[PDB]
Amino acid sequence: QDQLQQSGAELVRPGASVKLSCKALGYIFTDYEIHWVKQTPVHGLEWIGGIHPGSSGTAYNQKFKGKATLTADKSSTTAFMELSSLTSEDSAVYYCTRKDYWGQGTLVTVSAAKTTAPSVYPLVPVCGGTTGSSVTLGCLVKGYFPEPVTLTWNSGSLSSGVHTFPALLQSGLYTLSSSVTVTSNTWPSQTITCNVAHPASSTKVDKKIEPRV
Amino acid sequence: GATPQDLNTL
Amino acid sequence: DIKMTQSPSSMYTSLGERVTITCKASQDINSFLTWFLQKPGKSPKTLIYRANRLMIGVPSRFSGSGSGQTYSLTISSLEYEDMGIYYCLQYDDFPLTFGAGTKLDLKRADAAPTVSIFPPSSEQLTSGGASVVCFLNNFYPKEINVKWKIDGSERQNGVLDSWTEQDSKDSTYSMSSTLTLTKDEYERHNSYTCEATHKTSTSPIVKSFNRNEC
């Protein structure tokens, strides 16, 4: 009845191992199978296998047999999933499910990347300086690790007409970008600043968008 | 709320 | 491996409309089927189990049906909170298999993207890199093709594309396109061009600049 509680986000190196945990609460742990499922943008949702904590009986997808090890601990009402020899293809969200209930999922990121502060670039309109009603400014945040990054415009004051595009991987590091549209009067007489912060590397960068000479 | 009629075969 | 064929695969619907999603199994699965919904950046929520049992707490909109090989999920009157991806799951036999998903979008009048091109920044250029950015923003529907052109010819690598999700008030989508080269190759060419194709037009929507300053 109640639920599944998964272990935290894991960040491992290629060729290592992870052990993920899934705590069952609010129900008789030994009467239900616990199944592990993997989700990636590429392949979608795939079943790894499952254990029956009562009988100890297990079943595996032939694709994970040899890679994934499933175990259960009755005293702590916790199911475990071990993954060995990791590569970047194992980077995904892992979920434990009772079939009706789902845990919240653990993110496993396989990478060699070292923590690296982002570079922030102010994107100014193209020379000419259009005679439209509005102007679109932009801000590009390149090469950081790990995700996350928070980006704001004018310290959060500017919220209308903003788009912050999900980060993507480029040669092992993350790249993010964002745009704001403001009306013609506004910029450049008022100043528009892009604020980037990356908790992981203790960085906090502010970048004003100056017109191009 | 559902019973091991979540088709427990293990 | 039992195969599940979910359809349709994406639907353009209205608030208050009645929706019907289907799952066919490659053999008979004895009503051992679940229906679950997943919202962006969120864990799955099961709605129905054993083909037609509502799950505690799920609105009574939702309703499952079928037997044998063809299953259905009906949402009698769509509400904003219902937007996301829907999946069916067969648990008749191992391995467990899932349908491919059904994505729901609020339909709207067709809008062409409003395009902007941004030459590299001086600061990027002073570090060896050159990124050319193109924003195609506020359009509908989500289908869009982007081609990059350096001095008249297509460049297929170094491009990075990112999509926003449908936006809550005005129902349009947006995308970012970044072309990354080195300073040297950037400094070797003059005219950079962003080409966008979308239902709202015949001739593509083109944006450009010249490094000697257009």
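Structure summary
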quantity: Per-residue average of Cβ from other chains inside 10 Å of A:73-84; calculated: 0
quantity: Alpha-carbon centroids, segment A:143-161 and segment A:179-213: separation in whole Å; calculated: 10 Å
quantity: Nonlocal amide H pairs with C:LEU104, under 5 Å, H built at 1.01 Å; calculated: C:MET11, C:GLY84, C:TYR86
quantity: Between segment C:1-74 and segment C:102-152, the Cα center-to-center distance that results, in Å; calculated: 35 Å
quantity: Shielding by partners - mean other protein chain Cβ count within 10 Å, residues of A:17-24; calculated: 0
quantity: Residues whose placed amide H lies under 5 Å from that of A:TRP153, excluding near-sequence neighbours; calculated: A:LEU158, A:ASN195
quantity: Note, ³J(HN,Hα) from phi for segment C:46-56, Karplus 6.51, -1.76, 1.60, rounded to Hz, x at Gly and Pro; calculated: 6, 9, 9, 9, 6, 6, 9, 8, 5, 9, 4
quantity: Note, ³J(HN,Hα) from phi for segment C:171-176, Karplus 6.51, -1.76, 1.60, rounded to Hz, x at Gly and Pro; calculated: 5, 8, 10, 8, 9, 9
quantity: Taking C:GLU154, C:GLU123, A:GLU33 and counting other C-beta atoms within 10 Å, the order from fewest to most; calculated: C:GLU154, C:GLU123, A:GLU33
quantity: Point-to-point label distance, A:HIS43-C:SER77, nm (Cα→Cβ direction, 7 Å offset); calculated: 4.3 nm
quantity: Residue (of A:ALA9, A:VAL196, C:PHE36) at the positive-pole extreme of the protein assembly as shown, dipole from beta-carbon charges; calculated: A:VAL196
quantity: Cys residues of chain C counted as unpaired, since no other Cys beta-carbon is under 4.7 Å; calculated: C:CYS214
quantity: Exercise: per-residue mean of other protein chain Cβ atoms within 10 Å, A:44-50; calculated: 5
quantity: Dipole magnitude of chain C about its Cα centre (Cβ charges: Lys, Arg +1; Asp, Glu -1), debye to nearest 20; calculated: 460 debye
quantity: Label point distance in nm, C:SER153-A:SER88, each placed 7 Å from Cα along Cα→Cβ; calculated: 2.8 nm
quantity: Gain in span if fully extended, C:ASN212 to C:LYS183, counting 0.36 nm per residue against the direct Cα distance; calculated: 9.0 nm
quantity: Per-residue [θ]222 nm for the protein assembly as shown (sum of -39500 (n - 2.57) over DSSP H runs n ≥ 4, rounded to 500); calculated: -500 deg cm²/dmol
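Note that each Cβ is placed from the backbone with ideal geometry, even for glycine, and that neighbours are counted across all protein chains shown. No value in this document is a laboratory result; all are computed from the given coordinates.
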